[PDB]
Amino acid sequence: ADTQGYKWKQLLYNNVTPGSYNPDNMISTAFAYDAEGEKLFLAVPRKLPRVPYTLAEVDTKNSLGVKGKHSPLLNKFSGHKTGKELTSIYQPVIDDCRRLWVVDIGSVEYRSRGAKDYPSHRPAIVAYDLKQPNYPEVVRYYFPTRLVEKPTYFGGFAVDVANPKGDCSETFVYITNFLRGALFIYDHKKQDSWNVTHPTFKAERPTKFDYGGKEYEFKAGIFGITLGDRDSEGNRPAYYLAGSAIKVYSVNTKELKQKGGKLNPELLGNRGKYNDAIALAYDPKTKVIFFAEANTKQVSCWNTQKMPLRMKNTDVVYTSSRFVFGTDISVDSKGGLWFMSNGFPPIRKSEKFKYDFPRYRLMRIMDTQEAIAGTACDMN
């Protein structure tokens, strides 16, 4: 229930000329913590002008849990020279083999004001090897033009490593898209990809979001994807959710890896009213799924072994009046539970939402057992 972590009023960069960018325009949408390396990676998409590094890192060795060091400066990704090696990213994910995966969407989202400095190209899935220094690029796959479908609306993704003890090449990537209610599926082995749509990937009712005493609204599809326990053949449930929704589905990875196959998603089925979340994370050690919620100022949980999913089977692991718009959640290598808010929901002009407390908030609960103790997500 204790947390350690970081808080920023503004995301400032180390070794970047002061004044050559506006620190309020640096908006982080996602993170990934490498527990073995004591490294934190932050996605800062090039949504607004003058973002020096779209993949940014901080060394948490000094800082984490140390009084006075709550706002580390962002650094260039150690695997990069200039900052132009990735154009714009929304989400970093670390797999079972300590490969750092990002999805370069391939263009910036503003016009003029230095946009020429970041020339466009086709969306790419890119991976860096954290095991080797200093983080060499080991995967670079471009989307075939036939499959591009609004890359700016890519949400969470999952990296499915069939052979975590081999060369780690039998690997699937499922990337959510919250506009199209779509999953883009990438077969790393075959070097092939395809898009899949399902009525299940779509928004239910619009999500309600309170800012500055008013009620705003957004309508997002799938956002929204995490991987469960493998069976002896290497298939697993892939849990997903739409942002604007309270229902949770799973679909087997078996049906996902089959290009042109029918999908048979199972309802699970719902978390109760107004608990919309855009991010969810499955923990292998407790079998709990954690939700970083949009408007409730909370992080919630559901043990996957308690069926069916009703509200009565969920609880709260974190509450903070300052946790405005949960935007990312993952569990790390040493079973750390990380969750992030940034007061940046998918609503027109949300970049200019301002708060009396630090906008960017990243917390860790030391382990998932610590989290769920004395709660309906326990055992028992």
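All residue numbers are counted from 1 along the displayed sequence.
The PDB entry records a higher mean C-alpha B factor for 301-309 than for its counterpart among 81-89 and 301-309. Judged by mean Cα B factor in the deposited record, 222-230 ranks above the other of 222-230 and 291-299.
Of the candidates 276, 104, 149, 109, the deposited coordinates give 149 the top C-alpha B factor. Looking at 71, 75, 169, 176, the one whose CA carries the top B-factor in the deposited record is 169. When the modelled residues of the chain are ordered by C-alpha B-factor, residue 335 sits in the middle third. In this PDB entry, residue 314 carries a Cα temperature factor that places it within the middle third of its chain's modelled residues.
When all modelled residues of the chain are sorted by CA temperature factor, residue 343 is found within the lowest third.
When the modelled residues of the chain are ordered by their C-alpha B factor, residue 238 lands in the middle third.
Per the deposited record, the Cα B-factor of residue 45 falls in the lowest third when ranked against the other modelled residues of its chain.
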